[PDB]
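Novice:
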Amino acid sequence: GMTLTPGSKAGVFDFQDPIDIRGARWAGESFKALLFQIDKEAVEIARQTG
Amino acid sequence: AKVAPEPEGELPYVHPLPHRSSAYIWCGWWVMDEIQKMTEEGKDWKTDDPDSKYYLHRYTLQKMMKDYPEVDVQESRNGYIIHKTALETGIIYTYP
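If you're matching them up, the sequences are chains D and Y in order. Every number in the deposited numbering is 319 more than the matching position in the first sequence, counting from 1. Every number in the deposited numbering is 280 more than the matching position in the second sequence, counting from 1.
(1) Can you tell me the Cα-Cα spacing of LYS326/Y and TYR339/Y, whole angstroms?
(2) Mind checking whether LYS364/Y and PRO376/Y have CB atoms under 8 angstroms apart?
(3) DSSP puts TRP306/Y in a beta bridge; with which residues?
(4) Given that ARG344/D touches chain Y, what residues does it touch there, using C-beta distances under 8 angstroms?
(5) Taking 8 angstroms as the CB-CB limit, is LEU367/Y close to chain D?
(6) Are the CB atoms of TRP306/Y and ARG357/Y nearer to each other than 8 angstroms?
(7) When DSSP labels each residue in this structure, what does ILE340/D get in the three-state scheme?
(8) Short of 7 angstroms in beta carbon distance, which residues of its chain neighbour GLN356/D, apart from the five on each side in sequence? Order them along the chain.
(9) Tell me whether the segment 316–330 of chain Y and the segment 359–368 of chain D touch, counting them as touching only if at least three CB pairs, one residue from each stretch, are closer than 8 angstroms.
(10) To which residues does DSSP link residue 432/Y through a beta bridge?
(11) Taking only the alpha-carbon atoms, compute the straight-line gap between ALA303/Y and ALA343/D and give it to the nearest angstrom.
(12) Which bits of chain D does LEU297/Y rub up against, with CB to CB less than 7 angstroms?
(13) Mapping the DSSP letters down to three states, classify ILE315/Y as helix, strand or coil.
(14) Given this structure, state the Cα-to-Cα distance separating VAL294/Y from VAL362/D, to the nearest angstrom.
(15) In chain order, what residues of the same chain lie with their CB nearer than 6 angstroms to the CB of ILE361/Y, ignoring the 5 residues before and after it?
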């Protein structure tokens with residue numbers, strides 16, 4: 320839904336998928352993609368539970 | 281037209297991405313430069329030069345584009361994910 324990048328797998332974050340990690344190279348920036356995904360997920364709780 | 285002869289096993293891993301019928305593999309700058317060297321004298325990178333010093337990553341890419349219609353191969357000079365028809369030509373961004 321509102322937390323999904325249009326080219327992702329909609330339920331799993333894949334560390335080998337360039338859409339999921341927003342084109343990050345190297346582990347040093349591949350992880351911050353997970354960080355941003357966690358942040359993106361959190362706000363969706365605020366939108367739904369209120 | 282022809283089939284690239286099979287160079288034994290140990291094929292580099294290609295990640296299946298059925299999310300968009302795509303696939304991801306990290307090749308590197310040497311391959312992306314070598315294939316850039318390949319398509320400058322009329323030559324071919326899909327199947328030519330079977331005794332290449334870097335044939336293995338070239339052979340897997342060829343099968344990968346057949347298995348997957350929109351492959352996502354990333355270099356290292358800039359780390360861009362050139363797509364299948366973006367990989368078709370062999371000229372990536374610049375240079376002779």
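We put the beta carbon where it would ideally sit given N, CA and C, even for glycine.
Specialist: According to the structure data:
(1) What you label residue 326/Y is simply residue 46 of the second sequence in a count that begins at 1. What you label residue 339/Y is simply residue 59 of the second sequence in a count that begins at 1. Rounded to the nearest angstrom, the two C-alpha atoms are 7 angstroms apart.
(2) To locate residue 364/Y, count along the second sequence from 1; it is residue 84. To locate residue 376/Y, count along the second sequence from 1; it is residue 96. The Cβ atoms of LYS364/Y and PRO376/Y lie no closer than 8 angstroms to each other.
(3) Here the question's residue 306/Y lines up with position 26 in the second sequence. Note: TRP306/Y sits in a beta bridge opposite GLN354/Y.
(4) Walking along the first sequence from the start, residue 344/D turns up at place 25. Within chain Y, the residues near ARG344/D are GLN354, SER356, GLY359.
(5) By one-based count along the second sequence, residue 367/Y stands at place 87. No, no contact with chain D.
(6) Working through the second sequence from its first residue, we reach residue 306/Y at position 26. Working through the second sequence from its first residue, we reach residue 357/Y at position 77. Between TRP306/Y and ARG357/Y, the C-beta gap is not smaller than 8 angstroms, which leaves the two residues out of contact.
(7) Position 21 of the first sequence, counting from 1, holds the residue named residue 340/D. Here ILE340/D sits in coil by DSSP.
(8) As a first step, residue 356/D must be located in the first sequence, where it is residue number 37. If we look at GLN356/D and ignore the five residues flanking it on each side, its Cβ neighbours are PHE332.
(9) Taking a cut-off of 8 angstroms for Cβ pairs, the segment 316–330 of chain Y and the segment 359–368 of chain D do not touch, as fewer than three such pairs fall below it.
(10) Because chain Y spans 281 through 376 in this model, residue 432/Y falls outside it and cannot be assessed.
(11) What you label residue 303/Y is simply residue 23 of the second sequence in a count that begins at 1. What you label residue 343/D is simply residue 24 of the first sequence in a count that begins at 1. Taking the straight line joining both Cα atoms gives about 16 angstroms.
(12) Here the question's residue 297/Y lines up with position 17 in the second sequence. Within chain D, the C-beta atoms nearer than 7 angstroms to that of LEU297/Y come from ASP336, in chain order.
(13) Along the second sequence, one-based indexing puts residue 315/Y at 35. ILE315/Y sits in a helix when the DSSP states are folded into three classes.
(14) The residue you call residue 294/Y lines up with position 14 of the second sequence. The residue you call residue 362/D lines up with position 43 of the first sequence. Using only the alpha carbons, I get a separation of about 34 angstroms.
(15) Translated into the one-based positions of the second sequence, residue 361/Y becomes position 81. So the qualifying residues of the chain are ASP352, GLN354.
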